[PDB]
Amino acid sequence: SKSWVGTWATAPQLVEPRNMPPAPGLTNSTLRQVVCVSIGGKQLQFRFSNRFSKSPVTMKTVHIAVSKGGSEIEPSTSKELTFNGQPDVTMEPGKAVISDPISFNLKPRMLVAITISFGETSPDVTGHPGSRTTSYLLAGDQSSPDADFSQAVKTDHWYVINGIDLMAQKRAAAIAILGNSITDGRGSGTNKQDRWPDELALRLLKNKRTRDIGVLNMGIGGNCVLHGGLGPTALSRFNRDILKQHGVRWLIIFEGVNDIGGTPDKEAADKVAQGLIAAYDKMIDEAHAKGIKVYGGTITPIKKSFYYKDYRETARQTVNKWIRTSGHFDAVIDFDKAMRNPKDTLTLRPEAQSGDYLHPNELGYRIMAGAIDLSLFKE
């Protein structure tokens, strides 16, 4: 009568050199990370990824606890994870591991501190650079609940952690979201957990009908759908990051601006527009074959940003016209109409953007989530 449903996830990639951990590095060190769940529950599993590493990675211990802000925890809440009964586990190159199930009082929107003490690690690190959240690193094995991190090395990235799922009855389900920096939260507040999917999670949790619906943010900063970009492309990662999640009954696709932004002329931009349309249809069909409904987000404005060219704007309009009028998506989430300036509809609302006319700010992400009709998520 219960099955696993995702409550938090982050999309993995190979970490670029500029986003690598500062000294003292992960090997033989202890890393504390904070995540903000959506739905709550009582029995959890934790997922860790080595998908983009070519060496094994050993976690000597992993503890979970309620975060009190910053690097501090509520120590009476700390619990150790196990992997086939043992505290330590080694992830094979390119593979993930899932913890044994663990009882934990997980409340909606709880901040969970995950503390990993590592043995040997891989210099090609699997992680999520755009965490929008500070992590804390100490040399050595410092896994005690009373360990002092107040002075740990700060790094605004996530490493290794991949998901939290919980056991839930049939009414619980999750929304998975595929996107780029506009979804994983560039322009959102660091440690404020206020990316647009967070704002959606908050709206769902306060609406009694949707209170058991979780949110899985699979945005990747700089991501492309078709080719290039940062991290694996959306097409490449679709099976892992979307189809293999637990309890997903809806997918939001909101991605493609980076593909358009990378084009050097009209012919390349028109080709990208058609490629994006084809990619959307492929992903829609694959999700439908797994019983998942698919909602399409219109690509938001680019004028006044570094990406703007007249031929790129034409491609953006071609894509948005197809999203709005093809009927291939099960519904349309019109982020473009929510975010565009009423007085200059080709640009973002000035007060709702981060300064670059491409990435929204916190107000903008609130506006975006507020524009989603919650009746799209029914059981």
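Residue numbers here begin at 1 and follow the sequence given.
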Inset, instruction - With reference to the PDB entry, specify whether the mean Cα temperature factor is higher for 131-139 or for 149-157. - result: 149-157
Legend entry - Higher-B stretch (mean Cα B-factor, as the entry records it), 31-39 or 306-314: 306-314
Legend entry - Highest-ranked of 240, 109, 171, 195 once sorted by CA temperature factor in the record: 171
Inset, instruction - Could you say which of 256, 291, 214, 187 has its CA atom at the highest B factor, as listed in the PDB entry? - result: 291
Inset, instruction - For residue 22, return the chain-relative third of its C-alpha B-factor as stated in the PDB record: lowest, middle or highest. - result: highest
Legend entry - residue 278 - which third its CA temperature factor falls in, relative to the rest of the chain: highest
Legend entry - Cα B factor band for residue 165 (lowest, middle or highest third within the chain): lowest
Legend entry - Chain-wide C-alpha B factor ranking for residue 233, given as lowest, middle or highest third: middle
Inset, instruction - Taking the chain's C-alpha temperature factors as the reference, tell me which third residue 219 falls into: lowest, middle or highest. - result: lowest
